[PDB]
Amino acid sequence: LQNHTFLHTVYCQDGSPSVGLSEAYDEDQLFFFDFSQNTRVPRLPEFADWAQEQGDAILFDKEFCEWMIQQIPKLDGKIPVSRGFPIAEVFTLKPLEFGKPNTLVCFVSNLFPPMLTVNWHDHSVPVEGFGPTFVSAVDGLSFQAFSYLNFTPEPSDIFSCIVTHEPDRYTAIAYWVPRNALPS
């Protein structure tokens, strides 16, 4: 009988999102809280069934969190603000095989504060579409993100993940080129 951890992280900051909530089973995100619609959103379709939990504490936690950001200005300029440079990693969901549909993944870790924008470029040109970016809290009071991009790899390809630590704090780029592709 192994022991597993369920993480419920309410965090807030001076910036957007001003407040967030993230839940994970071990290391995988279960839900992220949308504070506009005020509902839990499932990371995967199979979790959609429990995103309507109402017996949920959150309001109190949410409010206390913001109260700290607004009341505890008293620290501004007194103690150094914690900041981590974002680290972007790019790779493909499945093994490369030209002409075969795949999806590009850009994993961002060491993000702090959790303020970011992730853009994709194909040969130094903004991509035509886009994919989702799920930010989540991980043990240790730190953050991370996963941005995805569906696509079909071709030999001449060159994609780049541009992660900007908002607003203009720092910008990181991560390149991806198709190498060692699989036979068809």
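Don't overthink the numbering: it's just position in the shown sequence, from 1.
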Higher of the two mean Cα B-factors (152 to 160, 132 to 140; per PDB record) comes from 152 to 160
For the stretches 122 to 130 and 34 to 42, which has the higher mean C-alpha B-factor as given in the deposited record? 122 to 130
Among the choices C106, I87, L93, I79, identify the one whose CA B-factor in the record is greatest. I79
Entry-reported Cα temperature factor of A51, expressed as the chain third it lands in: highest
Position of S147 among the chain's modelled residues by C-alpha B-factor, lowest, middle or highest third: middle
If you rank the chain by CA B-factor, which third does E63 end up in: lowest, middle or highest? lowest
Could you tell me which third, lowest, middle or highest, the C-alpha B-factor of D168 occupies within its chain? middle
